[PDB]
Each structure stands twice: as structure tokens, then as C-alpha cells.
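>
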Amino acid sequence: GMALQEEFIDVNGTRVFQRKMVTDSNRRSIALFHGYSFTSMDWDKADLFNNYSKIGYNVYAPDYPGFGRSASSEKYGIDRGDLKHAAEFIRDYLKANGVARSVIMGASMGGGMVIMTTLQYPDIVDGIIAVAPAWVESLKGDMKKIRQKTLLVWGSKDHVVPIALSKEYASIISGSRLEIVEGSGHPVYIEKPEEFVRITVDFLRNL
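Numbering (this note's numbering), first residue to last: 14 to 220.
Here it is, written out as C-alpha cells:
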């Protein structure tokens, strides 16, 4: 039956904690990348493993190296602000799990990471969900090139990553779906979990 597996995986020498809900029959994958302040445990609040599994996605969620339960990492660490390290991580992490292509979702820091991964390795990305992505303001000229279906999610009360950037990023990424969730600040999947699920499930169904 369906099980939430919690385990440690080696990603090129870095001991990564992950949570996953998968079955060998699914032909769809989604991987979830947390913000600076949260971990893979925090996706419990919106029950994302069960909700995405029920629409036929294999679901993977690691703690980024240096965060949560994962080891620090010279190769992947983001201490020095190298977002290309995070694109390497996401590519390598999917490969370690035997996943050739996936939808990738990121919140905040993680949203920056999934954007960068799509800019570097577009052939591995089936779609993007980015929840108020941080650290990408310098990447607009490359973001204009993204061809993947993209969902941008922002809380109406977000003052961490300005809501003005929401409308700008929605213009830059052609075909992007922008949804502003009433009554939420920056971590939408914690503060308005039901609406987060409704919107993200609808996007994924129609990908």
C-alpha cells in the first residue's frame, strides 16, 4: 500500500535525509525543495505526499545539505551563495533516486533553486512550482527562456519576497500561472495549506 518512507541517501558523498512516497507504476514524479527556515518535515502541514500521490505522482522531498537532518556538503553547500551548486544538487539527487525527469517545486530559497535547475538542466524538468522564489532577481534574462509550465504561488501578505516581483516574474516566464493566496504571508503551504493544495493539485492535474 502507500507508505511515507523516511531514509538517508548518498548523493555523491553527502548524506541526505529524504522523505518519499513512491510506487514503481507511477510515470510521474515531483520533488519538493524547502525554504531556509523549514525542512522536509514541514510538508506534513499540507499533507503533500498523500495529496500528490493521489494524482499519480511519485513524491520526493530532501533536506538540503546543511539543513534539517542532512550533512553539510562542500560540493552542494550554499554558504557562499552559489546557486549553481543547488542545480547540481537537484540533478544529482534525482539521479540518485533513479528519476530521469521530474516536476520540481521549491519554496523561497528552494524556489530559487528550482528556477536555477531549469536554467541549467532543462531536459530534466517536467514543470516548475515556485512559492515566492528567493535569490533569482539576477536571472531574469535567463528566466525569459523557460519553456516549462510554471506555477508561481505567493501569499497576499508576503513582505519577505515582495509581491511586486510576483507580477514581474509572471510576465517573464511565458505561460506561467500566478496565484496570490489571500490571508497568507511568505510560507503559503503552512499558513493556507488547503488552498495551497487546491491550487497545486489543479496545476499538476493539467500539466
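C-beta atoms are modelled at their ideal positions from N, C-alpha and C, and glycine is treated no differently.
Could you compute how far the alpha carbon of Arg40 sits from the alpha carbon of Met15?
If you take the alpha carbons of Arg40 and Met15, they lie about 16 Å apart.
> Use the C-beta contact count for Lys67: other C-beta atoms within 10 angstroms, 16 or more gives buried, fewer gives exposed.
Looking at its Cβ environment, which holds fewer than 16 other Cβ atoms inside 10 Å, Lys67 is exposed.
> Per the DSSP calculation, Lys33 is bridged to which residue(s)?
Answer by DSSP bridge pairing, in chain order: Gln18 and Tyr73.
> Can we say the region 143-151 touches the region 75-88, given the rule of at least three CB pairs closer than 8 Å?
No: fewer than three Cβ pairs fall under 8 Å.
> Starting from the N-terminal side, write out each stretch of the beta strand (DSSP E) that is 3 residues or longer and does not extend beyond the region 110-137.
Correct list: 115-120.
> If we call anything under 8 Å between Cβ atoms a contact, is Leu165 one with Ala143?
Yes, the pair counts as a contact, with Cβ atoms nearer than the cut-off.
> Across the region 195-202 and the region 169-183, are there enough close Cβ pairs to call them in contact, namely three or more that are closer than 8 Å?
Yes, since at least three Cβ pairs between the region 195-202 and the region 169-183 fall closer than 8 Å, the two stretches touch.
> How close, in whole Å, do the beta carbons of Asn71 and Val24 come, if the pair is a contact with beta carbons under 8 Å?
With a Cβ gap of about 17 Å, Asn71 and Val24 do not count as contacting.
> Tell me which residue opens and which closes the beta strand (DSSP E) that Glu192 is part of.
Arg190 to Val194 is the span of the beta strand (DSSP E), which, as asked, contains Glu192.
> Using the Cα positions of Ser115 and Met156, report the straight-line distance between them to the nearest angstrom.
If I take the Cα positions, the gap works out to 19 Å.
> Below 8 Å on the Cβ atoms is my contact criterion, and I expect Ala74 with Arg28 to pass it. Report the Cβ-Cβ distance as a whole number of Å.
Actually they do not touch by this definition, with Cβ atoms about 16 Å apart.
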